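The data below hold one chain only, encoded as structure tokens and taken in the form deposited without this ligand.
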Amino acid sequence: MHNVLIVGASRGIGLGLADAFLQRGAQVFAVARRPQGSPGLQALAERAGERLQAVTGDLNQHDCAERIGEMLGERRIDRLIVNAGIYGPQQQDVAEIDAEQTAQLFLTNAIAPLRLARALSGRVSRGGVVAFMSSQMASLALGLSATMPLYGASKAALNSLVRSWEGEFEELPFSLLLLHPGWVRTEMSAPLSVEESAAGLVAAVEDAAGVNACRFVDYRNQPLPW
């Protein structure tokens, strides 16, 4: 059975990804700060039974990889999706951001996702896929982030760290994906649904399985420029 780990699965796109992988017959491990308070996860569990396993965890805690390891046991991870993202300060103003907000923005969106992926990487199947929720706002060539510079810069830093990780290998043992989910209703009147976005992202993730490449793609599996 395909083991899929979705970090940040309580609602929105994270939940949608769990639902979409379950519909494909995967065993899904869904991590959230408070699994039990998620009506979406509770409804998935009632439908999927033991094939959906909830993990209490937070990417920003030091023990998160170990808590995940306890739930996985000997199981290898075929697909690892880190779905983390905060906006940062609402003002998105370099003149105002303080040390605590800076630390929180770059730890949450860039450093902690790599930290967790790396910690678990030894359990990832050869020819598997490790994917990070990124953003079109990370793209320097598209340069679309003027109204949210801090968020975009945090996601550029994520993409940078991931590319640097790639550089440590002679040959990648799994694919490394940076994903743009689209402008998703309930995430960031938006018509693009969680279901459509999640279906698209799952297809993109599956398309990278066995390729062992680093790609920056959207929910249509179209490449984004760096």
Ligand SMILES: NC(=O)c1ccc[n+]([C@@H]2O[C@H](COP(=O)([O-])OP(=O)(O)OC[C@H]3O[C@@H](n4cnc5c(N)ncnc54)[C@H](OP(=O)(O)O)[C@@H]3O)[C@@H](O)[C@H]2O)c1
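Just count from 1 along the sequence shown to find any residue number. Shifts are known only where both forms have a C-alpha. Between two forms, the rigid core is the largest collection of C-alphas that superpose within 1.5 Å.
**Student:** Note whether residue 46 lacks coordinates in a third or more of the other compared entries that model its flanking residues.
**Tutor:** No, residue 46 is modelled in every one of the other compared entries that cover both of its flanks.
**Student:** Does the comparison with other entries of this protein show residue 187 left unmodelled in at least a third of them?
**Tutor:** Per the records, residue 187 goes unmodelled in at least a third of the other entries.
**Student:** Check the residues of the deposited sequence separating residue 45 from residue 46 and report how many of them have no coordinates, as none, 1 to 3, 4 to 9, or 10 or more.
**Tutor:** None; the chain is continuous from residue 45 to residue 46.
**Student:** Should the higher mean CA B-factor in the entry be assigned to 61 to 69 or to 190 to 198?
**Tutor:** Here the higher of the two C-alpha B-factor means belongs to 61 to 69.
**Student:** Looking at the deposited entry, does 34 to 42 or 154 to 162 carry the larger mean Cα B-factor?
**Tutor:** Comparing 34 to 42 with 154 to 162, the higher mean C-alpha B-factor belongs to 34 to 42.
**Student:** Which one of 121, 90, 101, 136 shows the biggest C-alpha B-factor in the PDB entry?
**Tutor:** So the option with the highest C-alpha B-factor is 90.
**Student:** Tell me, lowest, middle or highest third: where does the Cα B factor of residue 215 rank within its chain?
**Tutor:** CA B-factor rank for residue 215: lowest third.
**Student:** Among the modelled residues of this chain, does the Cα B factor of residue 85 put it in the lowest, middle or highest third?
**Tutor:** Highest third - that is where residue 85 ends up once the chain's C-alpha B-factors are sorted.
**Student:** Thinking about Cα B factors across the chain, which third does residue 115 belong to?
**Tutor:** For residue 115, whose C-alpha B-factor we compare with every modelled residue in the chain, the answer is the middle third.
**Student:** Which third, lowest, middle or highest, does the C-alpha temperature factor of residue 56 belong to within its own chain?
**Tutor:** It belongs to the highest third of the chain when residues are ordered by C-alpha B-factor.
**Student:** Hey, what third does residue 208 fall into on Cα B-factor, ranked over its chain?
**Tutor:** According to the entry, residue 208 has a C-alpha B-factor in the chain's middle third.
From this point on, the text means the form solved in complex with this ligand, which you will not see here.
**Student:** Using a 2.4 Å cut-off to backbone and C-beta atoms, with three or more ligand atoms needed to call it blocked: open or blocked for this ligand placed in the bound PDB entry and overlaid on this form?
**Tutor:** Answer blocked: 3 or more ligand atoms come within 2.4 Å of backbone or C-beta.
**Student:** Of 55, 45, 188, 161, which one comes within 4.5 Å of this ligand in the bound PDB entry, counting heavy atoms only?
**Tutor:** If I apply the 4.5 Å criterion carefully, the residue I get is 188.
**Student:** Is there a non-hydrogen atom of residue 13 within 4.5 angstroms of a non-hydrogen atom of this ligand in the bound PDB entry?
**Tutor:** Yes.
**Student:** Looking at the partner-bound form in the bound PDB entry, is residue 84 within 4.5 Å of this ligand by any heavy atom?
**Tutor:** Answer yes; at least one heavy atom of residue 84 falls within 4.5 Å of this ligand in the bound PDB entry.
**Student:** For residue 60, is any heavy atom within 4.5 Å of this ligand in the bound PDB entry, or not?
**Tutor:** Yes, residue 60 is a contact residue.
**Student:** With a cut-off of 4.5 Å between heavy atoms, is residue 9 one of the residues that contacts this ligand in the bound PDB entry?
**Tutor:** Heavy-atom contact with this ligand at 4.5 Å: present for residue 9.
**Student:** Tell me which stretch of 67 to 75, 119 to 127, 151 to 159, 95 to 103 has a heavy atom within 4.5 angstroms of this ligand in the bound PDB entry.
**Tutor:** Flagged stretch: 151 to 159.
**Student:** Verify the flagged residues 3, 20 and 215 against this ligand in the bound PDB entry: is each one within 4.5 Å by a non-hydrogen atom?
**Tutor:** No, the whole trio is out of contact, none within 4.5 Å by any heavy atom.
**Student:** Only counting heavy atoms and a 4.5 Å limit, does any residue of 162 to 188 reach this ligand in the bound PDB entry, and if so which ones?
**Tutor:** Going through 162 to 188 in order - heavy atoms within 4.5 Å of this ligand in the bound PDB entry - the hits are 180, 181, 182, 183, 184, 186, 187, 188.
**Student:** Listed by sequence position, which runs of three or more consecutive residues have C-alpha shifts of 2 Å or more between this form and the one not shown, the rigid core held fixed?
**Tutor:** Segment displaced between this form and the one not shown after core fit: 189 to 191 only.
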